[PDB]
Every structure is written in C-alpha cells, then in structure tokens.
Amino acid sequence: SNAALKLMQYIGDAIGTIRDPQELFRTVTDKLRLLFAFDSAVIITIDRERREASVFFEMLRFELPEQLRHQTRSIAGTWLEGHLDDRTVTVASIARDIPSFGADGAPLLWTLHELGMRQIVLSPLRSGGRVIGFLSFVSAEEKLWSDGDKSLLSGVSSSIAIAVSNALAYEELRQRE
C-alpha cells in the first residue's frame, strides 16, 4: 500500500536534506525497519576489478573479531563474488543455501553462524548499469520473505543505490584532487 510509497518519499527527502552520510544512513536504516525485518544491516561497496569489498556503512547487533573487522578485503573466489550480476534480492540460509559454507573459504560466514546468525539477505545496488555494492541484512532467525517483500526491498534499495552512488562520486572527486 502507501506504506512503501511513504518510506521511499521519506528516504528521498532525507537524501536531499541530510548533509553528512553517516547520519543519513542511520536514519534510512532505522526507517527500513517499518517494512522489513532484520537484526543487522550493512552497505558494502564492490570493486569488481580489484575483487574487493568495502564496508561503506554498518549497523551491527553483534560484534565480530578483529581479523574480520577490516574495512576492505578480497572477495576473489568467494560466494559473494558470484552475485556481482544480480538483478533481484537474495534471501539465504547461511548454513544451507551457500555452497561455500565452512570454516574453509567462507571464514566470515562461518563466524557469523558461530555468532548465532542464520540468515543473510542481499539486495544489489546499481548505477549506470553496474553493480556498485549491496545492502545486506543478517539475522538470528530465518525471516520469511515472500516475493513481494523482495520486490519492495528492491524498490527501496533503488533509493539507497542512489544515495551511495552520490557519496562515491564525492569521494572519486576528492581523490582526483
């Protein structure tokens, strides 16, 4: 109904008003909680050629160890690298839905499961035809996601992609001079 409509208008408004990123994305993450269930959310940005991922923003309810607390890490040959072309939302059981899962090549995933996380949602972020990042949720319980929930998350993510791409361009401008 108008619930999703109003959330998008709110995000839109927030984007064109709130000046600093860290407080923008807090406000946005908090409001997402009116439509979507999750315990923890992160925005990750992707460097396809360097095969790397960076934490762009986080709102965590757990605390992970330090080695896995790096802002940037390789994703070469990891489960995530296989979602670099996604158009739609992914809702996966950490321990069942991901073939990498083990202490082996998915240490992160293994540690998340260890922490008592059970479910991870991926919502791809696009700009100019390229996936530039993901919005992600992580939860202790397996939250039920209908196709329509997923569609609504896609739509709201369009907005976030928007905001994230803007920031990224203010960065690329900053470090070009």
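Residue indices: 1-based, along the sequence shown.
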>> Mean CA temperature factor from the deposited coordinates, higher in 73-81 or in 101-109?
In response: 101-109
> Mean CA B-factor: is it higher for 18-26 or for 156-164?
Replying inline: 18-26
> Per the coordinate record, which of the options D39, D47, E66, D149 holds the highest CA temperature factor?
Replying inline: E66
>> Lowest, middle or highest third: which one holds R130 when the chain's residues are ordered by CA B-factor from the entry?
In response: highest
>> Please place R51 in the lowest, middle or highest third of its chain according to the CA B-factor in the PDB entry.
In response: lowest
> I120's Cα B-factor: lowest, middle or highest third of the chain?
Replying inline: lowest
